Amino acid sequence: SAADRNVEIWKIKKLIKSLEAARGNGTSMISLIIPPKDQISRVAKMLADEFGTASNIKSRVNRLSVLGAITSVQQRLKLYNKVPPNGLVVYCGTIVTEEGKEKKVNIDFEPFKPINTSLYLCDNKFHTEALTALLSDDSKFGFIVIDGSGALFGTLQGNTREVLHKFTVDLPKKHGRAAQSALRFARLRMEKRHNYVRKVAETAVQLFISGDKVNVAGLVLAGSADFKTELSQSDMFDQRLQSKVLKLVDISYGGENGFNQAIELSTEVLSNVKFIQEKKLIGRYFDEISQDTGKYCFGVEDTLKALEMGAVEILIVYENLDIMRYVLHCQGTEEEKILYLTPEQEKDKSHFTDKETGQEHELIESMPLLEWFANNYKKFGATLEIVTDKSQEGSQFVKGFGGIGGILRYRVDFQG
Amino acid sequence: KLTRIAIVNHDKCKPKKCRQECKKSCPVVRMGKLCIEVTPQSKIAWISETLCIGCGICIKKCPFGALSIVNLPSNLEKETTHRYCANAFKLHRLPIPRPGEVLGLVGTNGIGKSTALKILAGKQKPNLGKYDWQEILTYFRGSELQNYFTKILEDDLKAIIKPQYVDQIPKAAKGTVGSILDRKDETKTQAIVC
Amino acid sequence: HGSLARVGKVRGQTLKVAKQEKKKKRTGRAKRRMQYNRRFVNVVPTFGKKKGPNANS
Amino acid sequence: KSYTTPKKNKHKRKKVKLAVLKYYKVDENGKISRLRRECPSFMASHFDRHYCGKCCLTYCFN
RNA sequence: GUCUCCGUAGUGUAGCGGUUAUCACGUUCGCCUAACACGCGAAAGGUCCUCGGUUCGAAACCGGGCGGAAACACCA
RNA sequence: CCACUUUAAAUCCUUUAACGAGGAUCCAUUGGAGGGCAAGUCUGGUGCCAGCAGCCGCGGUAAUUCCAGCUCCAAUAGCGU
RNA sequence: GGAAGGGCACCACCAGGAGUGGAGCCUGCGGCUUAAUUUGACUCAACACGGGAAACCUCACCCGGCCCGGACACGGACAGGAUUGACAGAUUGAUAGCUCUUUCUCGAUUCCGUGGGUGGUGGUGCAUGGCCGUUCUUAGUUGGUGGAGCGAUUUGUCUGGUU
RNA sequence: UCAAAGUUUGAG
Ligand SMILES: Nc1ncnc2c1ncn2[C@@H]1O[C@H](COP(=O)(O)OP(=O)(O)O)[C@@H](O)[C@H]1O
Ligand code: SF4
Ligand code: SF4
Ligand SMILES: [Mg+2]
């Protein structure tokens, strides 16, 4: 289900927030990630020698901490017997927190996406750079490696490299050694060679499409032998699929070994793509400003007022705002309100006296905005679009307009 | 290499009547930056073309169209001979009078031709886009301008102008033509000119 | 690897203070006089295991 | 030190000393009439009970 | 398409119709070591590819299934 | 700053009247203070970070080595790189 | 030093004993578990050790509730009594006056600041003392004055026999 | 009058 997946992402994001905060005085913390294919024994051994080494650590508080963590991460791994699919992510240590409370913790879990990123570390802190880099890069891209020998269809995350389906074929010989039959055999060879392409072009629809919509934001075709092109520019390959043909890549090698080659030759394009789509969206946002229209908005005050009401269509936000939603509160009267304060206005501000009554209006702690949108953009109007300051249209959005706004579902006049 | 000028027609802007509008509509100003400064008091709406995007929203909004934003080549920010105010017209370079020669100015009007001529007459000091004389001359070395302006400042060169609007000479000078030529004579060559 | 982030980390957060108001310090020759006087003529005391000009227990 | 909202603190007492306390009345200037009942060993008035302020003795008429 | 063969603990393989399914490696648990490795002692672990048949009895013999691999595709 | 002098004509010095100092002022800097190498085991912040350091090094929660305050030292209409 | 000489110790061997390792249990660790399962010590030189055989106490741990045992000062606070201590009855686990309603009270205690204390089986034995243990149960160790080396050092403290 | 015996925190 989609809702259960969104809960598991929120769970993991919250886990990361805590682990980045954690910290512990003295001590170290086992960052650890065991990729899908790995043998867990291999990990147990590694740990066991990492243990034996750590027993010569000169510092006590560090030593005994590290030994403890390694003792306990081994015990976690004992509860699994094969590596869970989609990898494993363990995070031992002895985190410190408020109240002077030294507490041990051992968070292991199969992460929801497969991942292809091993890591081991002892250091003062935990390392969750891998994990954030697997929530950021959703963008699944489809690969199809055509060759005279055979095909390979496969999907692709940031790091993760899946193999969907494949086959090979006995295509005919190049030549027909009779004078007349030469011509017929040629025409016949052309028919079976094309038929193979027809099969590939159907299979790709069968694999990379789902509910009359392609599941992959690109569709890299690869290979050699002027074949990938024969697919690329045919009437057989479905136009919604062929719309997202993103590259024809000439690879040496074929099949599985062909795959990796096809990805490394593709790397540059799949980066550009994410920026291209961003440029396109904001480009439209600006079109509504360029023409009078009315169906745009900008600056929290206006934008959220548009959201609250007959909502926006698309809401565009620069992926980090500073800007933060605070929940202000009164001591005596119990009257309360909420405000969207800038980095300067949030840090120190004499504004927040109650004035009418005459008391110090205390600001109960914040929830940072971009995250606030991410929580509850669905309870409004939808399509929360994170953007960047890399493109010229991107920067103009971030710099000028404030990296916040949205394309509206109809024309609205604003006042004050 | 492209920058922006903002221009405010001091006649068409009436900040009291319209109650702002530019302030409210400008994203930079909503962003929280001093891109426009107006108030109901104070004539003429100011803009920091520095902080301006050049969104082209304020231009649409203002109810008399007082605000005109344009672009201009980044080259030309060096060679700025005169700018009368903030958000005013901006001449770049001057003509290069050479003596013994009639200098033909050409181009469409509303393009600083009068400002050029005032400057060259010496009535106008070319502020050089500051809004001085030794600092001015030094800016015009290597070029006939420095000889021109230096010549102006020690021997006061008399600046004489045949104006554009000919029909505001009548409403000023009285008497006959023959009388007026005699009064203004100095060369003593009326008959030859007539 | 490693970010170019923290940069001015410390200098930023240090506890800023004013630099007091003492005096116009004597300059040129007069300074030199005063220096000379405090090495040789004022103190010249009974010794007690070596000296210190900016020492402080 | 994240204190829980519904738990909160617990305030202690605040007394109210209402100026000079009156327990007496003036009957014909010279003589005096006491208002509240005294101890046997002012055993003051409750809404039903007669509670002491010192020796902790307690009484009531049903 | 044809004809052929092979599908057995985690891996690679033995297996002569009645077997606790053999061997090696790997795994786990002791020791040996300061530790680890090497070493020593122990232990766990086969859906015998799938289904049906024959047989008193089938992991094998016989049939069909899903997998996997060689050889042929010549004369115009 | 009057006036001479100067000078081709001037300026500058020079001479010279008249005004012209309580240091809040007419305000002296530049570099350093662990060793080489003169001079703080001082006081705050940072916590192998930021940073310093020609070299040796300092920095991983009492830093004589960082960022600051105080003092001190060298040279001084100059001193660094 | 898987270099040679000597020479020694049942925390070394040999000869043997009694064993431990096997079993059930007792108890200590580490793990897992848990509100909490407090913590120190991990080769000899941690693990029936902390004189640690915890019902409570111990106790640190956790989940609840009282209490001040907040000295002294400078002040503000001084009496239209600052504002220590209270049977009900509700509540509470509780015969905690802990709280709400109501009593009435020492009468000069108080409360609020600041300076500042004080305590803490809180953190740090890698900031220290003391005390242990271990090196290390062996025969080893030192300067004076002379001699030897620019010196670091060396000789004395030694070939041999002896113990 | 010679079998085998490889390695050693990045965590100061
Ligand atoms: N004194 C002034 N103060 C403010 N604005 C001026 C002044 N003189 C001219 N302008 C502005 O400059 C613009 C162009 O004038 P100008 O340059 O004199 O004409 P031209 O371009 O023909 O030489 C006018 O629109 C006017 O608003
Ligand atoms: S132009 Fe667009 S941006 Fe530049 S000022 Fe007027 S409004 Fe603000
Ligand atoms: S600019 Fe147009 S709008 Fe802004 S004040 Fe002057 S007139 Fe009113
Ligand atoms: Mg030095």
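Residue numbers (the deposited numbering), protein chains in the order written: chain ii, 6 to 421; chain jj, 4 to 134, 139 to 201; chain ee, 3 to 59; chain ff, 78 to 118, 126 to 146.
Ideal Cβ positions, reconstructed from N, Cα and C, are used throughout, including at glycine.
When ii:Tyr-258, ii:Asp-231, ii:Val-225, ii:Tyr-345 are compared, the shortest CA-CA separation from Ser-248 (chain ii) is found for ii:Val-225. Contact holds between the stretch 326 to 333 of chain ii and the stretch 361 to 375 of chain ii, because three or more Cβ pairs, one in each stretch, are under 8 Å apart. Taking a cut-off of 8 Å on C-beta distances, the stretch 179 to 191 of chain ii does not touch the stretch 111 to 119 of chain ii, as fewer than three cross pairs fall below it. Of all residues in the stretch 292 to 305 of chain ii, those with a C-beta nearer than 8 Å to a C-beta of chain jj are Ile-294, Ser-295, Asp-297, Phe-303, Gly-304, reading in chain order. Chain jj has no Cβ within less than 8 Å of the Cβ of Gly-155 (chain ii). Per DSSP, reduced to three states, the secondary structure at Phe-131 (chain ii) is coil, with no helix or strand assignment.
Residues close to ligand 3 by the beta carbon criterion (under 5 Å to any non-hydrogen atom) are, from first to last along the chain, jj:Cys-16, jj:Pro-18, jj:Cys-21, jj:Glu-24, jj:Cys-25, jj:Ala-48, jj:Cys-65, jj:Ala-69. Inclusion of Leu-275 (chain ii) and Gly-223 (chain ii) in the CB contact set at 8 Å is warranted, their separation being smaller than that value. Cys-201 (chain jj) carries a coil assignment under DSSP once its states are collapsed to helix, strand and coil. For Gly-407 (chain ii), a Cβ of chain jj is located within less than 8 Å of the residue's own Cβ. For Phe-92 (chain jj), the shortest separation between its Cβ and any heavy atom of ligand 1 lies below 7 Å. In this structure, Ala-128 (chain ff) sits near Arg-113 (chain ff), with a CB-CB distance shorter than 8 Å. The Cβ atoms of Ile-412 (chain ii) and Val-322 (chain ii) do not sit closer than 8 Å to each other. Taking C-beta atoms under 8 Å as the contact rule, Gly-259 (chain ii) and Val-150 (chain ii) qualify, at a distance of about 6 Å. Between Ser-271 (chain ii) and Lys-252 (chain ii), the CB-CB gap stays under 8 Å. At the C-beta level, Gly-59 (chain jj) and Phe-92 (chain jj) stay beyond 8 Å of one another.
Using a CB distance below 8 Å, the part of the stretch 326 to 356 of chain ii facing chain jj consists of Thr-347, ordered along the chain. As for any beta strand (DSSP E) of minimum length 3 sitting wholly inside the stretch 221 to 276 of chain ii, the runs are 224 to 228, 253 to 255, ordered along the chain.
Annotation for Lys-116 (chain jj) indicates a beta carbon within 7 Å of some heavy atom of ligand 1.
Leaving aside the five residues that flank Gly-57 (chain jj) on each side, the residues in its chain whose CB is nearer than 8 Å to its CB run, in chain order, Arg-7, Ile-72, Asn-74.
Taking 8 Å as the cut-off, the beta carbon of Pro-119 (chain ii) is found no closer than this to the beta carbon of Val-94 (chain ii). Taking 4 residues as the shortest admissible run, the stretch 36 to 72 of chain jj contains the following complete alpha helix (DSSP H) segments, listed from N- to C-terminal end: 61 to 64.
Not a single heavy atom of ligand 1 lies less than 7 Å from the C-beta of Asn-130 (chain jj). Of the candidates ii:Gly-57, ii:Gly-105, ii:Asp-43, ii:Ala-49, ii:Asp-43 places its Cα closest to the Cα of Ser-123 (chain ii). Counting along the chain, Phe-148 (chain ii) sits inside the beta strand (DSSP E) bounded by residues 146 to 150.
Taking 8 Å as the upper bound on Cβ-Cβ separation, chain ii lies near residues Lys-27, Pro-30, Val-31, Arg-33, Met-34, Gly-35 of the stretch 7 to 37 of chain jj.
Counting C-beta pairs closer than 8 Å gives three or more between the stretch 403 to 411 of chain ii and the stretch 28 to 36 of chain jj, which meets the contact rule.
Segment contact: the stretch 141 to 155 of chain ii against the stretch 50 to 65 of chain ii, fewer than three CB-CB distances shorter than 8 Å; contact not assigned. For the stretch 386 to 401 of chain ii, the set of positions with a beta-carbon nearer than 9 Å to some beta-carbon of chain jj reads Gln-401 in chain order. Within chain jj, the residues placing a beta-carbon under 8 Å from that of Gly-421 (chain ii) are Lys-27, ordered along the chain. Considering only beta carbons, the part of the stretch 34 to 66 of chain jj lying closer than 8 Å to chain ii consists of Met-34, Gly-35, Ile-56, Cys-58, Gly-59, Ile-60, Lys-63, in chain order. The beta-carbon separation of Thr-358 (chain ii) and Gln-350 (chain ii), rounded to 15 Å, does not stay under the 8 Å limit for a contact. Every alpha helix (DSSP H) of 4 residues or more that sits fully in the stretch 304 to 380 of chain ii is shown, in chain order, as 305 to 313, 348 to 352.
Distance from the C-beta of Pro-30 (chain jj) to the nearest heavy atom of ligand 2 is below 7 Å. With a cut-off of 7 Å, the C-beta of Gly-59 (chain jj) is classified as near ligand 2, since at least one heavy atom of the ligand falls inside that distance.
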